[PDB]
$ cat work_18.txt   # compact mmCIF, C-alpha atoms and all ligand atoms
# COMPACT_ATOMS: atom_id res chain seq x y z
CA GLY A 355 126.36 31.47 102.52
CA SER A 356 127.45 32.83 99.15
CA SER A 357 126.96 36.34 100.54
CA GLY A 358 130.25 38.06 101.32
CA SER A 359 129.43 41.71 100.68
CA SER A 360 130.94 44.79 102.32
CA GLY A 361 129.09 45.88 105.44
CA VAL A 362 129.02 46.10 109.23
CA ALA A 363 128.25 43.40 111.80
CA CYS A 364 126.31 43.97 115.02
CA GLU A 365 128.38 43.19 118.11
CA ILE A 366 125.32 42.09 120.07
CA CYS A 367 123.34 39.66 117.90
CA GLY A 368 125.47 39.31 114.79
CA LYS A 369 123.23 40.99 112.23
CA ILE A 370 124.74 42.47 109.07
CA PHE A 371 123.76 45.89 107.72
CA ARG A 372 124.31 47.25 104.21
CA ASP A 373 125.04 50.61 105.84
CA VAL A 374 125.80 52.18 109.22
CA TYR A 375 122.59 54.20 109.48
CA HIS A 376 120.39 51.11 109.45
CA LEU A 377 122.61 49.79 112.25
CA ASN A 378 122.37 53.02 114.24
CA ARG A 379 118.61 52.59 114.67
CA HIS A 380 119.06 48.90 115.50
CA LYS A 381 121.51 49.42 118.36
CA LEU A 382 118.85 51.68 119.88
CA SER A 383 116.16 49.01 119.58
CA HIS A 384 118.39 46.48 121.34
CA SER A 385 117.50 45.74 124.97
CA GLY A 386 119.72 46.19 128.00
CA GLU A 387 119.66 42.93 129.93
CA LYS A 388 115.95 42.21 130.38
CA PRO A 389 113.55 41.16 131.39
CA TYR A 390 115.59 38.47 133.14
CA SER A 391 119.23 38.39 132.03
CA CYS A 392 122.28 36.76 133.61
CA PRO A 393 124.68 39.16 135.40
CA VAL A 394 127.57 36.83 134.57
CA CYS A 395 126.99 35.53 131.04
CA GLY A 396 124.74 38.24 129.63
CA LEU A 397 122.05 36.17 127.92
CA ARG A 398 118.41 37.27 128.07
CA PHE A 399 115.44 35.23 129.28
CA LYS A 400 111.71 35.93 129.18
CA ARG A 401 110.94 33.69 132.16
CA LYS A 402 111.85 33.40 135.84
CA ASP A 403 111.84 29.60 135.70
CA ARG A 404 114.80 29.62 133.31
CA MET A 405 116.97 32.49 134.55
CA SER A 406 116.53 30.99 138.02
CA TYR A 407 118.12 27.70 136.98
CA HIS A 408 120.64 29.53 134.79
CA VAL A 409 121.92 32.00 137.39
CA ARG A 410 122.08 29.60 140.33
CA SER A 411 123.70 27.09 137.97
CA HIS A 412 126.73 29.38 138.04
CA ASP A 413 126.66 30.25 141.75
CA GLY A 414 128.58 33.51 141.86
CA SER A 415 129.60 34.10 145.47
CA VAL A 416 132.37 33.56 148.02
CA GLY A 417 130.68 34.10 151.37
CA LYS A 418 133.32 33.92 154.08
CA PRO A 419 136.60 35.86 153.72
CA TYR A 420 138.83 32.78 153.88
CA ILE A 421 138.04 29.46 152.20
CA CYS A 422 139.76 26.07 152.31
CA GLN A 423 142.26 25.23 149.56
CA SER A 424 140.67 21.83 148.98
CA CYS A 425 136.91 21.77 149.52
CA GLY A 426 136.85 25.56 149.39
CA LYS A 427 134.04 25.91 151.92
CA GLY A 428 134.62 29.08 153.92
CA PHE A 429 135.16 30.00 157.57
CA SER A 430 134.28 33.21 159.41
CA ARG A 431 137.66 33.38 161.14
CA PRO A 432 141.11 32.30 159.90
CA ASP A 433 141.97 30.08 162.86
CA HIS A 434 138.80 28.14 162.04
CA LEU A 435 140.22 27.25 158.63
CA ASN A 436 143.55 26.16 160.12
CA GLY A 437 141.76 23.55 162.20
CA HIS A 438 139.77 22.22 159.24
CA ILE A 439 142.77 21.78 156.94
CA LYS A 440 144.27 19.60 159.67
CA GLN A 441 140.95 18.06 160.70
CA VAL A 442 139.51 16.89 157.38
CA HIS A 443 142.50 17.28 155.06
CA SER A 444 146.20 16.87 155.87
CA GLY A 445 146.92 13.17 156.30
CA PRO A 446 149.92 11.73 154.42
CA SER A 447 151.06 8.11 154.56
CA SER A 448 153.66 9.14 157.14
CA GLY A 449 153.18 10.88 160.48
ZN ZN B 1 121.96 43.56 117.14
ZN ZN B 2 124.53 32.64 133.15
ZN ZN B 3 138.66 21.58 153.25

$ encode --input "work_18.txt" --output "structure tokens" --more "lines below"
Ligand SMILES: [Zn+2]
Ligand SMILES: [Zn+2]
Ligand SMILES: [Zn+2]
Amino acid sequence: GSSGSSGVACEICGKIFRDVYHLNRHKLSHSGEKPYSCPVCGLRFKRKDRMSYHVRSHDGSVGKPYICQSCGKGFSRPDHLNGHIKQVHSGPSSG
């Protein structure tokens, strides 16, 4: 480095500016999530082949209202979940 001067630091990319004015015009040039950016992370991609594997990779969704406490699948109704917990899960050494 060897460059520890007094200035500002962009809170988007991390670029340093000798003054604030030069940074004022930069913030305006910055893009707002595009063309293909992640709604979760925030990164920006210039391809649909990447963002597609990036977004899905996270899988942001719940689906059903109630979900198991183990496999966390999801059932339309509550009673349906009660039967699963006892069907698949719930099975101690004793009985
Ligand atoms: Zn910036
Ligand atoms: Zn992401
Ligand atoms: Zn389960």

$ residues_around --input "work_18.txt" --residues "segment 413-426 of chain A" --least-positions-apart "6" --cutoff "9 Å" --atoms "all atoms listed in the file" --output "PyMOL selection string"
chain A and resi 394+432+435-436+438-439+443

$ atom_distance --input "work_18.txt" --atom1 "atom ZN of ligand ZN 2 (chain B)" --atom2 "atom CA of residue 402 of chain A"
13.0 Å

$ atom_distance --input "work_18.txt" --atom1 "atom CA of residue 378 of chain A" --atom2 "atom CA of residue 364 of chain A"
9.9 Å

$ closest_atom_pairs --input "work_18.txt" --of "chain A" --to "ligand ZN 1 (chain B)" --cutoff "9 Å" --atoms "only C-alpha atoms and all ligand atoms" --output "CSV"
residue,atom,partner,partner_atom,distance
A:363,CA,B:ZN1,ZN,8.3
A:364,CA,B:ZN1,ZN,4.9
A:365,CA,B:ZN1,ZN,6.5
A:366,CA,B:ZN1,ZN,4.7
A:367,CA,B:ZN1,ZN,4.2
A:368,CA,B:ZN1,ZN,6.0
A:369,CA,B:ZN1,ZN,5.7
A:370,CA,B:ZN1,ZN,8.6
A:377,CA,B:ZN1,ZN,7.9
A:380,CA,B:ZN1,ZN,6.3
A:381,CA,B:ZN1,ZN,6.0
A:383,CA,B:ZN1,ZN,8.3
A:384,CA,B:ZN1,ZN,6.2

$ atom_distance --input "work_18.txt" --atom1 "atom ZN of ligand ZN 2 (chain B)" --atom2 "atom CA of residue 390 of chain A"
10.7 Å

$ closest_atom_pairs --input "work_18.txt" --of "chain A" --to "ligand ZN 2 (chain B)" --cutoff "8 Å" --atoms "only C-alpha atoms and all ligand atoms" --output "Markdown table"
| residue | atom | partner | partner_atom | distance |
| --- | --- | --- | --- | --- |
| A:391 | CA | B:ZN2 | ZN | 7.9 |
| A:392 | CA | B:ZN2 | ZN | 4.7 |
| A:393 | CA | B:ZN2 | ZN | 6.9 |
| A:394 | CA | B:ZN2 | ZN | 5.4 |
| A:395 | CA | B:ZN2 | ZN | 4.3 |
| A:396 | CA | B:ZN2 | ZN | 6.6 |
| A:397 | CA | B:ZN2 | ZN | 6.8 |
| A:405 | CA | B:ZN2 | ZN | 7.7 |
| A:408 | CA | B:ZN2 | ZN | 5.2 |
| A:409 | CA | B:ZN2 | ZN | 5.0 |
| A:411 | CA | B:ZN2 | ZN | 7.4 |
| A:412 | CA | B:ZN2 | ZN | 6.3 |
